[PDB]
Every structure is written in C-alpha cells, then in structure tokens.
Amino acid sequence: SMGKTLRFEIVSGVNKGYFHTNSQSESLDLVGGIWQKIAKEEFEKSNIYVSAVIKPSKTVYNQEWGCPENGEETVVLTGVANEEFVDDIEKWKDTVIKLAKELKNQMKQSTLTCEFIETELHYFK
C-alpha cells in the first residue's frame, strides 16, 4: 500500500494549427484520446499500462521563439508507477519514454519534455 517509486510529467502543445480545436476542453479530449489509444496499445504489447492525469495549462516563453502573447495552450500529463501493477520500474520508465515519443509524433510537436520524479506512493483501495 506504500513505497518509493517514480512519477512522470510530460508537457505537450495542443497544435491548434493542425487540429483546430477551439477550447481547452476540446484540447484535453484530443490529447486524452491519443494517450488512451497509445497506452492501451503498449499495454497489449508489454502488459504495462501507463495511466495519465491530464491538466489544462498555458506555457509562457519568449514571443521571439514563437510563443503567443500570454502563453501557448498546453497539456500536462502525469502518472505514478503503482507497485500494485508495476513489477519492474525500469521497464515502466522505458514504456513512459516510448509513449512520450509517440505522443510527440502524433501531436506533431517539434519538442517535448518528459520528467521522472522520485515519489513515495500511498495507495488506498
């Protein structure tokens, strides 16, 4: 029910120019639907299912590098390696990286960040 493990965080753009969504709820459904498909497909391959909590956001960077004024519409995906389901943390990590790259490809993103953070998970069921 408790133990040291890893969480991940990925930040992606929503690519309005390609998908033409017009609200943050539409953007969340877009990214969430892609994550759902790729996570299920990898689960069928490796028996490792990576669930993700997805949050709306704006990412602020220099307008001279392409950022809209007041920020780019983005989505933050996070998840934790639950030892109830993950027997091998290194395989899970490699799965997350694989999914992050697939998300970057299918979202047509030029760059993407994927972070791993040490966490102590308490799981109540």
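Counting begins at 1, following the sequence as shown. Between two forms, the rigid core is defined as the largest C-alpha subset superposing within 1.5 Å.
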**OP:** On a core superposition, give the stretch, 20 to 28 or 5 to 13, with the larger average C-alpha separation from this form in 5 other deposited structures of this protein (RMS over structures and residues).
**Re:** 20 to 28
Subject >> Comparing 36 to 44 with 75 to 83, the one whose average Cα B-factor in the PDB entry is higher >> reply: 36 to 44
Original post:
Once you work out the mean C-alpha B-factor for both 62 to 70 and 46 to 54 from the entry, which is higher?
Top reply: 62 to 70
Original post:
Taking the entry's C-alpha B-factors for this chain, is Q24 in the lowest, middle or highest third?
Top reply: highest
**OP:** Would you please rank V96 by its C-alpha temperature factor against the other modelled residues of its chain and give the third it falls in: lowest, middle or highest?
**Re:** lowest
